[PDB]
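Only one structure is covered here, and it is reproduced in the block below.
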Amino acid sequence: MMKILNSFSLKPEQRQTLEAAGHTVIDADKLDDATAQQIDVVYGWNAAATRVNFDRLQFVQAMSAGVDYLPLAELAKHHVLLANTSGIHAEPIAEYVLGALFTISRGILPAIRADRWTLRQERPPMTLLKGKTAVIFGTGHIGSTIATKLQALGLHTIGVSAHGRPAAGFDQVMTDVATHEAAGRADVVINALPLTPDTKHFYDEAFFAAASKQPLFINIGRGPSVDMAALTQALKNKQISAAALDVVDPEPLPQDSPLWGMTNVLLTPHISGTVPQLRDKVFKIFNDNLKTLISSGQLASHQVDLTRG
């Protein structure tokens with residue numbers, strides 16, 4: 001029997017489902033100071049998930065694949081169990097990256113912004129994807145899925161993890177020391193790195209220099225993992241032909257940004273990690289990890305390494 005803090009607006013069936021196994025469901029807005037100390041589980045996170053008793057708190061179910069907005073250091077000192085939603089976000093992000101490959105590579109971008117038929121003005125020099133090297137930093141579920149879907153379209157994939165272990169949908173996997181070697185061979189670069197001290201400004205000034213073949217850079221990972229002055233610059237000087245920035249640093253990207261009036265920068269407002277029927281596909285992971293904890297005291301799936309993020 002648990003006390004679950006609803007910080008992600010449970011459906012009337014899911015709530016109604018939870019309340020039977022002996023688990024009191026509290027909406028964030030119905031949380032008082034007394035009850036906030038009696039919280040066991042937190043389904044999601046907001047301003048009503050900071051007030052909860054961490055010394056009692058056992059499990060937290062994040063609503064995203066990252067965990068870089070949570071008090072990790074608090075949770076890892078309490079050793080509070082954290083489940084993300086990693087991998088349900090893989091398939092749409094790998095459809096978004098392909099959508100952010102064609103839009104740029106086939107002049108769909110340098111069209112859609114152009115005002116509102118005569119194609120007399122020179123075409124944007126379009127690039128076919130088959131025979132090109134798509135370098136992918138991060139060899140997690142998201143990275144492997146994109147690497148499969150690019151191997152199909154006939155691309156030479158190169159995974160870049162911490163160690164350089166063989167992963168799925170990759171020809172060769174390299175180490176994060178050979179980052180400039182991956183960038184140097186790249187015709188496409190794909191940020192799928194979680195935000196850690198190391199990865200904080202990993203796509204800085206230095207990275208884009210090794211990148212000689214002016215590669216199409218894709219930001220579906222995190223913004224702060226990119227240095228935006230060092231991105232913005234590397235663009236203007238054709239050190240990377242185009243980019244794809246699903247995230248930014250800060251987020252949102254502000255009203256001035258030269259990325260605005262640029263003409264090879266695609267700017268979507270954190271939509272790559274979208275899932276049709278999300279509440280289900282998180283409550284599933286949430287609701288598998290709620291009962292395994294009660295029985296054993298662990299998580300069924302998606303257990304976050306609070307140190308690595």
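Ordered as shown in the structure tokens, chains take letters A, B, and onward, while each chain numbers its residues from 1 and ligands are numbered from 1 in the order shown.
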
Can you tell me, as number ranges by chain, which residues in stretch 69-269 of chain A count as alpha helix (DSSP H) by DSSP? A: 72-77, 90-105, 109-112, 141-152, 179-185, 207-210, 228-236

Please produce an output containing C-alpha atoms for each residue in the selection, written as a CSV table (one decimal), in the first residue's frame.
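In the end it all went to selection18.csv:
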```csv
chain,number,residue,atom,x,y,z
A,72,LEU,CA,19.5,13.6,-9.1
A,73,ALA,CA,22.1,14.4,-6.4
A,74,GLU,CA,19.2,14.6,-3.8
A,75,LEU,CA,17.6,11.3,-5.1
A,76,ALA,CA,21.1,9.4,-5.3
A,77,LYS,CA,21.9,10.5,-1.7
A,90,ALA,CA,13.3,6.2,-29.9
A,91,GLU,CA,10.9,5.6,-32.9
A,92,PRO,CA,9.4,9.1,-33.3
A,93,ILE,CA,12.9,10.8,-32.7
A,94,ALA,CA,14.3,8.4,-35.5
A,95,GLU,CA,11.4,9.5,-37.7
A,96,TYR,CA,12.1,13.2,-36.8
A,97,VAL,CA,15.9,12.9,-37.6
A,98,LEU,CA,15.0,11.4,-41.0
A,99,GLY,CA,12.4,14.2,-41.4
A,100,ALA,CA,15.3,16.6,-40.4
A,101,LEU,CA,17.6,14.9,-43.1
A,102,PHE,CA,15.2,15.2,-46.2
A,103,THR,CA,14.0,18.8,-45.2
A,104,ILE,CA,17.6,20.0,-45.4
A,105,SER,CA,19.2,17.6,-48.0
A,109,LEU,CA,13.9,23.8,-46.1
A,110,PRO,CA,15.3,26.6,-48.5
A,111,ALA,CA,11.8,26.3,-50.1
A,112,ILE,CA,9.2,26.4,-47.2
A,141,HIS,CA,18.1,2.9,-27.7
A,142,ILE,CA,17.5,6.3,-29.5
A,143,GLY,CA,21.0,6.2,-31.2
A,144,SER,CA,20.7,2.4,-32.3
A,145,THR,CA,17.1,3.0,-33.9
A,146,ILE,CA,18.3,6.1,-36.0
A,147,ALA,CA,21.4,4.0,-37.0
A,148,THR,CA,19.2,1.1,-38.3
A,149,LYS,CA,16.9,3.6,-40.3
A,150,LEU,CA,20.0,5.2,-41.9
A,151,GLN,CA,21.7,1.9,-42.7
A,152,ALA,CA,18.5,1.1,-44.7
A,179,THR,CA,35.2,12.5,-31.2
A,180,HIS,CA,37.2,14.7,-33.7
A,181,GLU,CA,37.9,11.5,-35.8
A,182,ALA,CA,34.1,10.8,-36.0
A,183,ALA,CA,33.5,14.6,-36.7
A,184,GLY,CA,36.3,14.6,-39.4
A,185,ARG,CA,34.7,11.6,-41.3
A,207,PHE,CA,34.3,19.8,-32.2
A,208,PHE,CA,33.2,21.6,-35.4
A,209,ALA,CA,36.9,22.1,-36.5
A,210,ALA,CA,37.7,18.4,-36.8
A,228,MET,CA,25.3,27.9,-29.3
A,229,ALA,CA,27.8,30.8,-30.0
A,230,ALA,CA,30.2,28.0,-31.3
A,231,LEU,CA,27.3,26.4,-33.3
A,232,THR,CA,25.9,29.8,-34.6
A,233,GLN,CA,29.5,30.7,-35.7
A,234,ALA,CA,30.5,27.3,-37.3
A,235,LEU,CA,27.3,27.8,-39.5
A,236,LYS,CA,28.0,31.3,-40.9
```

Pick out each residue of stretch 150-267 of chain A that DSSP on the backbone tags as strand (DSSP E); I need them as a ChimeraX atom specification. /A:158-161,172-175,188-191,216-219,243-245,265-266

Given only C-alpha atoms as the counted atoms, nearest of A:58, A:178, A:107, A:133 to residue A:158: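 Smallest distance to residue A:158 is found for A:133.
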
Contacts of residue A:55 at 9 Å or less, counting only C-alpha atoms, minus same-chain residues fewer than 6 places along, as a PyMOL selection string? chain A and resi 37+78+80

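The interatomic distance for the pair atom CA of residue A:164 and atom CA of residue A:302 works out to 21.8 Å.
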
Would you list the contacts of stretch 212-220 of chain A as JSON, numbers by chain, taking every protein, DNA or RNA residue within 7 Å and counting only C-alpha atoms, but skipping same-chain residues closer than 6 positions in sequence? {"A": [184, 186, 187, 188, 189, 190, 191, 192, 238, 239, 240, 241, 242, 243, 244, 245, 246, 247, 272]}

Write a file of the just-selected residues containing N, CA, C and O atoms, as a PDB file, in the first residue's frame.
```pdb
ATOM      1  N   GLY A 184      35.430  14.398 -38.183  1.00  0.00           N
ATOM      2  CA  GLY A 184      36.255  14.554 -39.401  1.00  0.00           C
ATOM      3  C   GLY A 184      35.747  13.744 -40.586  1.00  0.00           C
ATOM      4  O   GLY A 184      35.889  14.244 -41.728  1.00  0.00           O
ATOM      5  N   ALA A 186      32.527  12.697 -40.811  1.00  0.00           N
ATOM      6  CA  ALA A 186      31.058  12.914 -40.789  1.00  0.00           C
ATOM      7  C   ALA A 186      30.608  13.723 -42.016  1.00  0.00           C
ATOM      8  O   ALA A 186      31.274  14.730 -42.357  1.00  0.00           O
ATOM      9  N   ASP A 187      29.525  13.256 -42.654  1.00  0.00           N
ATOM     10  CA  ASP A 187      28.657  14.011 -43.599  1.00  0.00           C
ATOM     11  C   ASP A 187      27.341  14.374 -42.892  1.00  0.00           C
ATOM     12  O   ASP A 187      26.672  15.320 -43.351  1.00  0.00           O
ATOM     13  N   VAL A 188      26.972  13.629 -41.841  1.00  0.00           N
ATOM     14  CA  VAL A 188      25.881  13.972 -40.876  1.00  0.00           C
ATOM     15  C   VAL A 188      26.361  13.638 -39.451  1.00  0.00           C
ATOM     16  O   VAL A 188      26.972  12.557 -39.260  1.00  0.00           O
ATOM     17  N   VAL A 189      26.108  14.546 -38.498  1.00  0.00           N
ATOM     18  CA  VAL A 189      26.361  14.363 -37.035  1.00  0.00           C
ATOM     19  C   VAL A 189      25.017  14.464 -36.301  1.00  0.00           C
ATOM     20  O   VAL A 189      24.216  15.359 -36.635  1.00  0.00           O
ATOM     21  N   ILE A 190      24.791  13.576 -35.330  1.00  0.00           N
ATOM     22  CA  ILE A 190      23.476  13.385 -34.642  1.00  0.00           C
ATOM     23  C   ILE A 190      23.704  13.347 -33.126  1.00  0.00           C
ATOM     24  O   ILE A 190      24.129  12.281 -32.604  1.00  0.00           O
ATOM     25  N   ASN A 191      23.413  14.463 -32.451  1.00  0.00           N
ATOM     26  CA  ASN A 191      23.473  14.567 -30.972  1.00  0.00           C
ATOM     27  C   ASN A 191      22.295  13.786 -30.381  1.00  0.00           C
ATOM     28  O   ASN A 191      21.138  14.214 -30.577  1.00  0.00           O
ATOM     29  N   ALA A 192      22.608  12.675 -29.703  1.00  0.00           N
ATOM     30  CA  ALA A 192      21.684  11.864 -28.878  1.00  0.00           C
ATOM     31  C   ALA A 192      22.316  11.605 -27.502  1.00  0.00           C
ATOM     32  O   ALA A 192      22.016  10.539 -26.909  1.00  0.00           O
ATOM     33  N   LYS A 238      30.432  27.999 -42.972  1.00  0.00           N
ATOM     34  CA  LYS A 238      30.347  26.693 -43.684  1.00  0.00           C
ATOM     35  C   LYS A 238      31.401  25.741 -43.100  1.00  0.00           C
ATOM     36  O   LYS A 238      32.261  25.239 -43.870  1.00  0.00           O
ATOM     37  N   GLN A 239      31.359  25.558 -41.775  1.00  0.00           N
ATOM     38  CA  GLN A 239      32.117  24.516 -41.030  1.00  0.00           C
ATOM     39  C   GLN A 239      31.174  23.338 -40.753  1.00  0.00           C
ATOM     40  O   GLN A 239      31.651  22.242 -40.354  1.00  0.00           O
ATOM     41  N   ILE A 240      29.881  23.581 -40.974  1.00  0.00           N
ATOM     42  CA  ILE A 240      28.776  22.578 -41.025  1.00  0.00           C
ATOM     43  C   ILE A 240      27.722  23.134 -41.995  1.00  0.00           C
ATOM     44  O   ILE A 240      27.291  24.271 -41.736  1.00  0.00           O
ATOM     45  N   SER A 241      27.375  22.413 -43.078  1.00  0.00           N
ATOM     46  CA  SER A 241      26.445  22.847 -44.171  1.00  0.00           C
ATOM     47  C   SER A 241      25.075  23.310 -43.632  1.00  0.00           C
ATOM     48  O   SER A 241      24.539  24.351 -44.124  1.00  0.00           O
ATOM     49  N   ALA A 242      24.490  22.528 -42.721  1.00  0.00           N
ATOM     50  CA  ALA A 242      23.236  22.854 -42.004  1.00  0.00           C
ATOM     51  C   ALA A 242      23.284  22.219 -40.609  1.00  0.00           C
ATOM     52  O   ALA A 242      24.311  21.541 -40.296  1.00  0.00           O
ATOM     53  N   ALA A 243      22.225  22.461 -39.815  1.00  0.00           N
ATOM     54  CA  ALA A 243      21.968  21.854 -38.486  1.00  0.00           C
ATOM     55  C   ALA A 243      20.475  21.542 -38.358  1.00  0.00           C
ATOM     56  O   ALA A 243      19.698  22.030 -39.232  1.00  0.00           O
ATOM     57  N   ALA A 244      20.109  20.791 -37.303  1.00  0.00           N
ATOM     58  CA  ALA A 244      18.708  20.471 -36.911  1.00  0.00           C
ATOM     59  C   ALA A 244      18.567  20.501 -35.379  1.00  0.00           C
ATOM     60  O   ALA A 244      18.989  19.506 -34.733  1.00  0.00           O
ATOM     61  N   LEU A 245      17.996  21.598 -34.837  1.00  0.00           N
ATOM     62  CA  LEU A 245      18.029  21.955 -33.385  1.00  0.00           C
ATOM     63  C   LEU A 245      16.638  21.824 -32.750  1.00  0.00           C
ATOM     64  O   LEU A 245      15.962  22.864 -32.580  1.00  0.00           O
ATOM     65  N   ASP A 246      16.271  20.591 -32.373  1.00  0.00           N
ATOM     66  CA  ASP A 246      15.008  20.232 -31.665  1.00  0.00           C
ATOM     67  C   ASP A 246      15.003  20.864 -30.261  1.00  0.00           C
ATOM     68  O   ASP A 246      13.903  21.221 -29.752  1.00  0.00           O
ATOM     69  N   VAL A 247      16.197  20.971 -29.662  1.00  0.00           N
ATOM     70  CA  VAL A 247      16.474  21.607 -28.334  1.00  0.00           C
ATOM     71  C   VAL A 247      17.510  22.726 -28.561  1.00  0.00           C
ATOM     72  O   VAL A 247      18.051  22.829 -29.704  1.00  0.00           O
ATOM     73  N   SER A 272      10.560  16.230 -31.190  1.00  0.00           N
ATOM     74  CA  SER A 272      11.175  14.985 -31.733  1.00  0.00           C
ATOM     75  C   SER A 272      10.850  13.794 -30.822  1.00  0.00           C
ATOM     76  O   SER A 272      10.616  12.686 -31.361  1.00  0.00           O
TER      77      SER A 272
END
```

Counting only C-alpha atoms, figure out which residue out of A:125, A:276, A:87, A:44 gets nearest to residue A:27. A:44

Atom pair atom CA of residue A:275 + atom CA of residue A:257, distance 28.9 Å
